[PDB]
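**Student:** What follows is a single structure, and I will ask about it in a moment.
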Ligand SMILES: Nc1nc2c(ncn2[C@@H]2O[C@H](COP(=O)(O)OP(=O)(O)OP(=O)(O)O)[C@@H](O)[C@H]2O)c(=O)[nH]1
Ligand SMILES: Nc1nc2c(ncn2[C@@H]2O[C@H](COP(=O)(O)OP(=O)(O)OP(=O)(O)O)[C@@H](O)[C@H]2O)c(=O)[nH]1
Ligand SMILES: Nc1nc2c(ncn2[C@@H]2O[C@H](COP(=O)(O)OP(=O)(O)O)[C@@H](O)[C@H]2O)c(=O)[nH]1
Ligand SMILES: [Mg+2]
Ligand SMILES: [Mg+2]
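Chains as they are written, first to last, in this note's numbering: chain A, 1 to 74; chain B, 1001 to 1430; chain C, 2001 to 2078; chain D, 3001 to 3079; chain E, 4001 to 4048; chain F, 5001 to 5052; chain G, 6001 to 6442; chain H, 7001 to 7442.
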């Protein structure tokens, strides 16, 4: 029902955890490089093990502290 | 773990300009040379290809060699040309004339000392040196002659490192140069003795990729050099970004080469599809594997159905499951079992890297060691014998000083390489 | 005997700390000291068309199948 | 607020796309001037050169304690 | 036992929420592709 | 080295030399000894039984 | 009381990340090494001591080393979230890998790195007062894991002597494979694992993938799921040292009860309540149900079928709310089955352990929360089929000397392949002979 | 009670500057020589007396001379921060250096300056009531340090007689090098240090560089770091004279316990908690850990490995909060080790000292602040290997008479090269013979 809402009256309300920029606490900001405007930068640039280290102690990924795009996480 | 790049001849310098544009973009270096990236993951491995100059700047560890500066004069005035170190441009005063003997013996020996001095100056600065990387065509004159001369000198000076070459090879249908068989045969003789691993690409396959797969209305050499830069930057991706299953040039060589002479490989890159079709098919690991073995995405004229795979390697970039990769590689080996050499229990190695190329969710590059490459060497040997029996253009090479005995040695070595491939193709368990 | 647990004299190799055990060995498998380095050799004089490269006369390296490490005074693990 | 604003969607600009095969709008073979330069000879003769500017940042560290500040400050016979 | 039952209940609810979020995420990946496709088509038309 | 206990105005908290130790550990040990001597003279068996 | 963990290469370090996240969350140590200053439970218990030591500043730090020849994975640990937990000396990294060559790891590259490893192990063993063994995690399919793991186990075996060495090993899956040269590395590895290990647990990734697809509802699993399952198994085996219980089991009792002859030390491992949160509400999970679960071959973490062999000994570890009478009733029910067979020389086939601390639940985990769990390690003759497929693949590849020039160039005599292949052949014949009925008295 | 320090040449003066910086900051004497009224030291206290004397107005002045042939370094001291601390007579400077010639320093130039040095040293020794030795800092690689140090030690040994002379010497590093003629100066030097020193401590700059790169986290060390480490070591050794403790150790006890035969006086030195502030807070630092540290060859301040020889005597100095049970347990653990060996004629191998004053920390990033430290001086036959590399370099140079005309021109017979090389050869043979097991009873 989320994938194909169609014309149904009983639509599923959004969860509020997914955002295009990847952060639920910070608004969109213009990137330093012009060609990176359309990319989802906070999601592309993160290793898998770092992701499971940061997100491991939370039942849900939006409760985790923001990535921060820093070599040691903020 | 630093790589040193060498670009030789017109083809090498032109492919190099696009390669360094792609690499500068991936590490977020502005065309002025200033770091402007947006994640520390870009900065933490910049040393692999760049040296650091003062106040933010990065300079690329590459040596450019050519006998006439015309291509180098164009790239310098090009949009990214400023990044290159001025002292790294080496040039002579007369052309190679598309002649291997001239490029190897007369202007080669004249300029080679300055190239070796620059390569040694660059090598001794690294804390740990990985292999050298050279891009050149085998059919040309300065590319073939000076590339193989420099390869021989570096193999004498650094025998414990890796030696890697990317090479352009003559199309089976139309020649770009009349004397291609001599230059190709002598260059393959030099590589088969000196090289550790060599990748071959046909320009006819890149033209067919552009016209048939991407449906480009007005393709240009910038597109062909972008396809080459894409595969070249993909093979090294696990060296310079994190991942779930790291890989390295030496591990690729150890898994791909069964016997030391069998080090010539086929190349392919999977996610190629026209902008009209792209809305009809989502990216997924089954889709990448199907495209990866799809002949539309393969960069050689020879077809696997006439040979057998000894070994293959697939490098995946992106956030993806290892289970789907393993079962896809098993399913392809099980369904097409006749095309895989049976006395090796598993021919495919897989590797997974977290960071995809910009603008793509996922990508894979494929390297294949297949016996159908024997047909190319056989065709080149036939054309060489036709020209040599009649002394078709031999006076140029003999006038430079070459002994005719060199030609018979190179022909004999290529014929033995073809025989060795044919013998391993028809081996059996008994 | 060479000094033990040193941080000098093995630049360019794969070693991090050289000779912790204090035995009679080289700091690393790759040559720490070589005939020529950044000075280079003469290559113009050494290339002639009358002494060309012969069949099966390429340089012998570890990838070809020649144990280069046995020719140096580096102790292998028994 | 999290999506890309419409100022970057409702324009026609070729710099927003990363380089790739098929992105050949801004390259050679389409320029109006196709003359070949003699930059190298002029550079080696020493009458033209490139030298881009650099970047330097002069921010002071924050959160330093009293002892650190004192350390930074550290570095006539009349009765 | 009662405390264990409450903990199990809240865990199940949070897993259901996460399962919703992944399906919410895939469409934003699709949008990221769509923007580039549109701009490329417009530039090609201008060149023609 | 700072002192174990706070509210100590003496900057050299630990400077135990011969003179410092005699002039500081004389009075405190003597006070403890005289407190032990006089405080243990009035023994109370009933109070000890109550504490037990 | 204390145990020291040694992590080697990529699989061993990645499994180490899951193990230490779990051990921290189970004891309550924060990722920065400091316990919550406001959490006054009332009695500061000593249970952490098995895995942590205090730095005198009151921080806890773990008894582990991370070993790798490539920098990337250890630098990823150095820059992650747990940067302050580990002592920087414990994270040891070289410059370049062993390139899938056992010969390169054993002779050429591991010989340079091994002395730093021995100095760290020396510094750990000096900070103990009842060390009772080493736990080792590595894969034998890769070059540095095989070569440096063997060299380090040999050096530990000469220096420490009688001290126990227990290995968790990732073996080559029977048809899923990742590299071409896996048979050579596994054959050369098995001689060292035979001589220099007291108990060896065998794992195959294909079994844990099947378990995660069948029991959990995950369509696209990745290594983090497998590593979390391995961490749960290690926590179950070491729980007997750390929490109160009715019947404790020290690691020497494990070694005494599980190993009948000194060469017969390869064991299978399985875990019972692998279940999702949605499945957990449709079924009760009593002691007898999970005891019945550990004996089904669908529960195993190694691709072997134990119905094709005979059990010699089983060790069952129960943790959580279990009462000994229920364990006895369950074991009595298992003994009646006809598809479970014990060698006739092993009449008392079971060892039991009972601990009161239930298994911990990890916030991002995929396992449900459960009141009780059981973990089993068992020794069985079925392992002989596992060795046979490597021997057949080695014979197929070695008949044409397919890759030997790499090994000979990196320092190995060609003769070493034949010696190792004959030693594994003798081990296979030992497993055939031990399972032969005593028809000598007829 | 009192000790006088003599600093010669460039290394010796710069190390003296670092030492007196440390001794001032530990006692609390202001760089003007006064003492602030807000401190709780007390006017009556005497601990300074080992190193300072008061003129009666309460200014402090130190018991040291600085000797150099070039002006620049002493003029740097004269114009620096401690200008008002030193008496101007104490800073003695010639006009021009000994130009890396031992012969020029000993015969030509030092002979003019030496009588001034003796008159100032006499003026110091007359203002004492319990002088108990000379501490000398010099390098044997340079010309004035070798030549004037030898000449001055000879004159001191005639004039003062029985008073003890303990040397700290910067010897030529085994592969780091600064000048070509280092072997000649070091060989000619060792004869004088052999005859005219009671205990000689050996230092190598390459070892202190290794210690500051490996243990400390310093990417770009400079001589001030090394000199601060040396100052810490000397402060540790002299702390036993200056503060209260459980087991005191007088300077005569070092010589009595450490020296078995009158020629066997060359000792190895090490210091335990050389550690950075970030590492120090990652690790506990008990007595037994730092005692284990002083025996690792990675801890040594001389480039030698003691595993290639046998110990004859060890003297362990503990300062700070230490309890005798930890010293006894540590020494018993060291005795247990199998890679630590003592000659069979030295059964009671250890001397202990225990002092309550913890080591002082000097502002900067070269040592953590710590409550306790241990310092070791030890006599071992391994030192013979240190001399052998200098002899090989001497033989290489002397085979071609590479530089001898300079030495012969400045006043030395060619015979002196052969004499010195044979005397150091005899010192190696002494260390070979002393280390030979007593197999005479068979
Ligand atoms: N379960 C599990 N298996 C892994 C993991 N990482 C690698 N493997 C498996 O182990 C084998 C590869 O061994 P590696 O650890 O990559 O080898 P290595 O220790 O890195 O040795 P080198 O390649 O020489 O550096 C393959 O079968 C992989 O599937 C992991 O994190 N978890
Ligand atoms: N640790 C340390 N070593 C030093 C220092 N200064 C010089 N050295 C070393 O000592 C040797 C040089 O000896 P010098 O002290 O310069 O010789 P010199 O006493 O000045 O003799 P002249 O040159 O004739 O004046 C070299 O090995 C230097 O590395 C120092 O301040 N600290
Ligand atoms: N793909 C590709 N092939 C090229 C390029 N430039 C030249 N070639 C090919 O390389 C061969 C000519 O070799 P060339 O570089 O001119 O040799 P040189 O004269 O020694 O530099 C022909 O087959 C050309 O088609 C290029 O930019 N891209
Ligand atoms: Mg690896
Ligand atoms: Mg001087």
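All residues carry an ideal CB built from backbone N, CA and C; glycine is no exception.
By the DSSP assignment, the beta strand (DSSP E) with residue 64 of chain A in it spans what residues?
**Tutor:** Where residue 64 of chain A is concerned, there is no enclosing beta strand (DSSP E), given that its DSSP letter is neither H nor E.
**Student:** My output table needs one value for residue 6999 of chain H: the three-state DSSP class, helix, strand or coil.
**Tutor:** Nothing in the structure corresponds to residue 6999 of chain H, since chain H is present only between 7001 and 7442.
**Student:** Quick one, which of B:1122, B:1058, B:1076, B:1237 has its alpha-carbon nearest residue 3036 of chain D's?
**Tutor:** It is B:1076.
**Student:** Could you check if residue 7070 of chain H belongs to the surroundings of ligand 5, using beta carbon to heavy atom distance under 7 Å?
**Tutor:** Residue 7070 of chain H Cβ: within cutoff of ligand 5.
**Student:** Which residues, taken in chain order from the segment 1253 to 1274 of chain B, show a beta carbon closer than 9 Å to some beta carbon of chain G?
**Tutor:** Listed by position, the residues of the segment 1253 to 1274 of chain B near chain G (Cβ gap below 9 Å) are 1253, 1254, 1255, 1256, 1257, 1258, 1259, 1260.
**Student:** In chain C, which residues lie with their C-beta within 7 Å of the C-beta of residue 7176 of chain H?
**Tutor:** In chain order: 2008.
**Student:** Output, in sequence order along the chain, the residues in the segment 4015 to 4030 of chain E whose CB is closer than 8 Å to any CB in chain D.
**Tutor:** Taking 8 Å as the Cβ-Cβ cut-off against chain D, none of the residues of the segment 4015 to 4030 of chain E qualify.
**Student:** If you check the beta carbons only, do residue 1198 of chain B and residue 1148 of chain B fall under 8 Å apart?
**Tutor:** Their beta carbons are not under 8 Å apart, which means residue 1198 of chain B does not touch residue 1148 of chain B by this criterion.
**Student:** Can you give me the C-alpha to C-alpha distance between residue 1085 of chain B and residue 1051 of chain B, rounded to a whole angstrom?
**Tutor:** Cα to Cα, the separation comes out at about 11 Å.
**Student:** At a CB-CB cut-off below 9 Å, which residues of chain E make contact with residue 6284 of chain G?
**Tutor:** Here the premise fails: no neighbours, minimum Cβ distance about 12 Å.
**Student:** Please classify residue 1146 of chain B as buried or exposed, where buried requires at least 16 neighbouring CB atoms within 10 angstroms.
**Tutor:** When all chains shown are included, residue 1146 of chain B counts as buried.
**Student:** Please list the segments of the alpha helix (DSSP H) lying wholly inside the segment 7370 to 7421 of chain H, counting only runs of 4 or more residues, in order along the chain.
**Tutor:** As far as the segment 7370 to 7421 of chain H is concerned, its whole alpha helix (DSSP H) runs of at least 4 residues are 7384 to 7398, 7404 to 7409.
**Student:** Spatial neighbours of residue 1171 of chain B within its chain, please: CB distance less than 8 Å, with the 5 preceding and 5 following residues excluded, ordered by chain position.
**Tutor:** Cβ within range, chain order: 1202, 1203, 1204, 1301.
**Student:** Just to confirm, does residue 6014 of chain G get its C-beta within under 7 Å of one of the non-hydrogen atoms of ligand 4?
**Tutor:** Not so, every heavy atom of ligand 4 lies at least 7 Å from the Cβ.
**Student:** Helix or strand or just coil, what does DSSP make of residue 6304 of chain G?
**Tutor:** DSSP places residue 6304 of chain G in coil when its eight states are reduced to three.
**Student:** Can residue 5018 of chain F and residue 7046 of chain H be called in contact, C-beta distance under 8 Å?
**Tutor:** Yes, Cβ-Cβ distance for residue 5018 of chain F and residue 7046 of chain H is below 8 Å.
**Student:** In chain order, what residues of the same chain have a beta carbon less than 7 Å from the beta carbon of residue 7133 of chain H, not counting five sequence neighbours either side?
**Tutor:** Excluding sequence neighbours, residue 7133 of chain H sits near 7003, 7163, 7164, 7165, 7166, 7251.
**Student:** Starting from the C-beta of residue 2052 of chain C, find all residues in its chain whose C-beta is less than 8 Å away, skip the five residues before and the five after it, and write them out in chain order.
**Tutor:** Once the five neighbours on either side are set aside, residue 2052 of chain C has no close Cβ partner at all.
**Student:** With a cut-off of 8 Å on the beta carbons, I'd call residue 6369 of chain G and residue 6361 of chain G a contact; round off their distance for me.
**Tutor:** The pair is a contact, with the Cβ atoms about 5 Å apart (cut-off 8 Å).
**Student:** Whose C-alpha, out of E:4001, E:4032, E:4019, is nearest the C-alpha of residue 1361 of chain B?
**Tutor:** Nearest of E:4001, E:4032, E:4019 to residue 1361 of chain B, Cα basis: E:4032.
**Student:** Quick check on residue 7 of chain A - is its C-beta less than 8 Å from some C-beta in chain D?
**Tutor:** No, its Cβ sits nowhere closer than 8 Å to a Cβ of chain D.
**Student:** Does the beta-carbon of residue 1168 of chain B, which I'm using as the reference point, lie nearer than 7 Å to any heavy atom of ligand 3?
**Tutor:** Answer for residue 1168 of chain B: yes, Cβ within range of ligand 3.
**Student:** Going along the chain, which residues of its own chain have a beta-carbon closer than 7 Å to the beta-carbon of residue 1037 of chain B, five neighbours each way excluded?
**Tutor:** Around residue 1037 of chain B: 1027, 1028, 1043.
**Student:** Mind pulling the alpha helix (DSSP H) runs of 4 or more residues that sit fully within the segment 1177 to 1211 of chain B?
**Tutor:** Counting only runs of 4 or more, we get 1180 to 1194, 1203 to 1208.
**Student:** Whose C-alpha, out of G:6202, G:6354, G:6112, G:6338, is nearest the C-alpha of residue 6302 of chain G?
**Tutor:** Checked all of G:6202, G:6354, G:6112, G:6338; the closest Cα to residue 6302 of chain G is G:6202.
**Student:** Heavy atom of ligand 4 less than 7 Å from the Cβ of residue 6446 of chain G, yes or no?
**Tutor:** No answer is possible for residue 6446 of chain G: the residues shown for chain G start at 6001 and end at 6442.
**Student:** Just to confirm, are residue 7290 of chain H and residue 7324 of chain H a CB contact at a threshold of 8 Å?
**Tutor:** Cβ atoms of residue 7290 of chain H and residue 7324 of chain H: not closer than 8 Å.
**Student:** Spell out whether any CB of chain D is found under 8 Å from the CB atom of residue 1032 of chain B.
**Tutor:** With 8 Å as the cut-off, residue 1032 of chain B counts as an interface residue toward chain D.
**Student:** Could you run through the segment 39 to 58 of chain A and flag, in chain order, every residue whose CB is less than 9 Å away from some CB of chain B?
**Tutor:** Listed in sequence order: 39, 41, 42, 43, 44, 45, 46, 47, 48, 49, 50, 51.
**Student:** State the start and end residues of the unbroken alpha helix (DSSP H) segment that holds residue 1258 of chain B.
**Tutor:** Looking at the DSSP string, residue 1258 of chain B is not in any alpha helix (DSSP H), and its letter there is neither H nor E.
**Student:** DSSP puts residue 7202 of chain H in a beta bridge; with which residues?
**Tutor:** The partner list for residue 7202 of chain H (beta bridge, DSSP) reads H:7169.
**Student:** So, is residue 1158 of chain B buried or exposed, given that buried needs 16 or more other C-beta atoms within 10 angstroms?
**Tutor:** Buried, by the Cβ-count rule.
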